[PDB]
Amino acid sequence: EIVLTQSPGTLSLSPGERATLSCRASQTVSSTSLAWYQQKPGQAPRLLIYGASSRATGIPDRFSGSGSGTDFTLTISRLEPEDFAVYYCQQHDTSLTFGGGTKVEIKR
Amino acid sequence: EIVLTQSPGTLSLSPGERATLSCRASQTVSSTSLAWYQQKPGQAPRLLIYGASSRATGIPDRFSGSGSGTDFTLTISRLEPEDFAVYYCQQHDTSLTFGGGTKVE
Amino acid sequence: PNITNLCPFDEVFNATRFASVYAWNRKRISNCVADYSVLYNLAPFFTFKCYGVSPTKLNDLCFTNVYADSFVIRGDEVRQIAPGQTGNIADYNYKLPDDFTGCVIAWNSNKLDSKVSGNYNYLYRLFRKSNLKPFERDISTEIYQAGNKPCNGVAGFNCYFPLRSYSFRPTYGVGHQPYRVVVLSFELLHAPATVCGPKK
Amino acid sequence: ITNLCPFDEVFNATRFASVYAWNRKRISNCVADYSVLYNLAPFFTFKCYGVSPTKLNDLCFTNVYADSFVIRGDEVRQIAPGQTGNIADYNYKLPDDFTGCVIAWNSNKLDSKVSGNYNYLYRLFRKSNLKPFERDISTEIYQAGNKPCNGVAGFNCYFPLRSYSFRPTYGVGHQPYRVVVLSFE
Amino acid sequence: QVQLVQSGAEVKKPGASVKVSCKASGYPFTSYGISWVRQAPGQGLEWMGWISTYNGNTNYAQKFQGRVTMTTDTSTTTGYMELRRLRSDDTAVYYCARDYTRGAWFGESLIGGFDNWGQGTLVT
Amino acid sequence: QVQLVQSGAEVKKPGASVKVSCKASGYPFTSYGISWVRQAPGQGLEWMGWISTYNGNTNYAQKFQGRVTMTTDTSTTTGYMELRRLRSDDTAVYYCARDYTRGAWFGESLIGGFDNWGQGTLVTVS
Ligand SMILES: *[C@@H]1O[C@H](CO[C@@H]2O[C@@H](C)[C@@H](O)[C@@H](O)[C@@H]2O)[C@@H](O[C@@H]2O[C@H](CO)[C@@H](O)[C@H](O)[C@H]2NC(C)=O)[C@H](O)[C@H]1NC(C)=O
Ligand SMILES: *[C@@H]1O[C@H](CO[C@@H]2O[C@@H](C)[C@@H](O)[C@@H](O)[C@@H]2O)[C@@H](O[C@@H]2O[C@H](CO)[C@@H](O)[C@H](O)[C@H]2NC(C)=O)[C@H](O)[C@H]1NC(C)=O
């Protein structure tokens, strides 16, 4: 099946800077079948972006994403202290799988 | 105004076969507003066909007409000594205009 | 009463142009002797079925005023021109009261009002907020907002144009063919008789 | 209430079928709420024939049909009753007794490939025109002349199907467009 | 049967005005209008105008708009035609015809034509 | 609103079985599906399968090809996941989510993803 990959595993940036998360795919994946999630500590994950471009209901405008074919990327315009969590990238082009995950924490 | 042209200006035909006349309209004329007339020499015109298909009162069954839009045709099944005169075509879709007139000998 | 003029029923039946259903023409006929015998003598293709009064007895009555209405509609919609009916034409274009005391006439007009390329000169109304009162005309073109977002007089999804076309062609069947309808209404009460009927 | 009709399973699908392979779906025994398309995708063209568009949530029918396909940008006009053309005559013909609606919208961001997408094909040469609601999933050697060929393409022997090769840089009339047609019975 | 009889010939000198009459018999006068058609010697017909016998409305041709006036009287059932400022090129035969091309009471077009003509009047 | 509620935690032991319940309210039940995803403490997420609430058609993963089965009850608006042959390697939190990735009536894919998630049920096997 399509094996997914994210890098880097851990990011240490400033609370207020502009960050970027990367997701890498093995085979080609239809852009209509890729999404992203956020897992705040002590909770359950929630949907952020679906279709690699559309923003989910109740998601701030500061979130956005773009990419197609093999490399997909989620960009955050600004970092905020409610945004420190682990994020995942999904595909359901053939069967379904989840990424390894990427963590972003405070730089100091 | 709508201008009607009749060709030919004269028809020389043998006494007993079928004739055909033409009245072509520059613009589009409704089938509701076309009629034909006959004028024997030294007499007054009389009505033959109204509505481009219907027949007037007292006209035999040998006179018939058809056509729509731009082309209209008047046909006679067979001729008699009383059917050699000048024929005219009328329209009143816009204002009222007559035709040039076709003679039959 | 002694009146000499004759009623112009040939002026409303043998006419050239008939109005659309949404702007139907209404005429007033008064002060004349009415001879309805010319209507029955026609070939048995006129649908002369009418209410409140028998056709044969029309020649011996006097009427205050006679109104004639004419329009062109679809072949299968002639059923809708009757008291106590519902439909697209009955609820948006033409309405007949429950008490009518008149006559309704309809005949085929395929040879005259239909074109091979298609006739789009006849119109009918598809959208209206509420049903119309008896004997009412609504000649008004304007965008209709079905939804809630407003539009500044522009076409849209929830913003509609209320008039459609019939698209008559000689290739359809009898149900889609154009028919011409003439509806006669009579008023009886005071009777300073204007329409008298032939009687010496 | 319960048992809402699956109109979101046909407008938000991932893969849309080709024109010659237009899928057909059966909808029955469900409450139909036509408010889903009353506010969505503010670029779509809604036209309905045979019934008043703003009376849909007032009528009870027997069965409801739904067919979907992807056509060219400038060919959306041909999908209508009493209209002819390459698509209308040869791929999908809507009869005069339509009593249904037609929906189309732009699909650039999902059906465009940088190198060109060849997943969508259409039939340009058929032996004869098709009846309303007729499908022909069959490709065979198309002979235009008089000399038959033994299943080999070439002169007077043309493959009846042609691709589209959609690209992001084409025009508005050349961009792929997704169309769904509802037929009421 | 329907018959229309006109007046006699005139030799009116150039510059004057002429009047032609047309008396009807055999049909209800009010229900139909009266039209006028003229024919020059050796040429075709031409339409002059239209007059309604119920309300007096008229519809003249554009060529003779400000020159011709028509008048009808119900008592004698006779129509009249006045042509003013005569010209040398007006020598023709004028005709009186019963009109079914335009309505009398309402003035709308109909299906038909000039169905009853008169004998004709020669004017020079 | 949309809310998902599950059952409590379990301390099941090897060789046993466990049942997970998922109750939802706020949407037409015969319109959407239900999908299950599990996550070990400290690792990433992991998929199990899909169930249709309309006709019972189901699809399952490969590593859980025969170890799992799921059922739905329309009246009570609840779905159940059965996992058997439990092992110490299945110590994870099991999640119930409303699925908008495959259609309930026709079985075709859709554009979207897991849009609503429950509190989470913790199960430890030892
Ligand atoms: C509509 O007109 C027809 C025919 O009109 C004839 O032609 C006109 C130019 C004019 O000269 C009319 O007087 C002609 O009658 C009418 O049908 C005729 O009706 C009369 C009266 O009964 C009858 O004697 C004729 O035979 C009929 N001819 C045909 C061909 O039907 C008809 O009556 C008119 N419509 C109405 C409502 O009166
Ligand atoms: C096609 O999907 C869009 C978006 O669906 C949203 O995301 C999904 C993952 C799922 O969670 C849905 O429930 C979400 O609504 C639908 O657009 C939404 O429609 C609703 C109802 O009209 C509206 O309240 C939302 O604001 C819309 N959201 C957006 C981003 O437009 C759309 O309705 C679906 N298509 C059909 C035919 O229903």
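Chain A is the first sequence line, chain B the second, and so forth, proteins listed ahead of strands; every chain is numbered from 1. Atoms within each ligand, like the ligands themselves, are counted from 1 in listed order. Below, each value reflects all heavy atoms present in this structure, side chains not excepted, and no hydrogens, waters or symmetry copies.
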List every atom of ligand 2 that sits less than 4.0 Å from any heavy atom of [X], numbering the atoms from 1 in the order shown and giving each element.
X: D8(D); answer: 38 (O)
X: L40(D); answer: 17 (O), 32 (C), 33 (O), 35 (N), 36 (C), 37 (C), 38 (O)
X: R98(F); answer: 13 (O)

Non-hydrogen atoms of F44(D) and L37(D) that approach each other most closely: CZ-O, 3.8 Å

Looking at [atom], is any protein heavy atom nearer than 4.0 Å to it?
atom: atom 20 (C) of ligand 2; answer: no
atom: atom 4 (C) of ligand 1; answer: yes
atom: atom 11 (O) of ligand 1; answer: yes
atom: atom 25 (C) of ligand 1; answer: no
atom: atom 32 (C) of ligand 1; answer: yes

For the residue pair [X] and [Y], establish whether any side-chain heavy-atom pair is separated by less than 4.5 Å.
X: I79(D); Y: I71(D); result: yes
X: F114(F); Y: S35(F); result: yes
X: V12(C); Y: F106(E); result: yes

To the nearest 0.1 Å, how far is [atom] from its closest protein heavy atom, and which atom is that?
atom: atom 2 (O) of ligand 1; value: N14(C) ND2, 2.3 Å
atom: atom 22 (O) of ligand 1; value: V38(C) CG1, 4.5 Å
atom: atom 6 (C) of ligand 1; value: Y50(B) OH, 4.0 Å
atom: atom 15 (O) of ligand 1; value: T57(B) CG2, 4.9 Å

Using 0.5 Å steps for rounding, measure from the OG atom of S31(F) to the OH atom of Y100(F).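 Atom-to-atom, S31(F):OG and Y100(F):OH are 11.0 Å apart.
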
What about [X] and [Y], are their ring centers closer than 6.0 Å?
X: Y36(C); Y: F9(C); result: yes
X: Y88(A); Y: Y37(A); result: no
X: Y32(F); Y: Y27(F); result: yes

Counting both backbone and side chain atoms, is some N or O of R55(A) under 3.5 Å from an N or O of ligand 2? no

Indicate, with yes or no, whether the SG-to-SG separation of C32(C) and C196(C) is under 2.5 Å. no

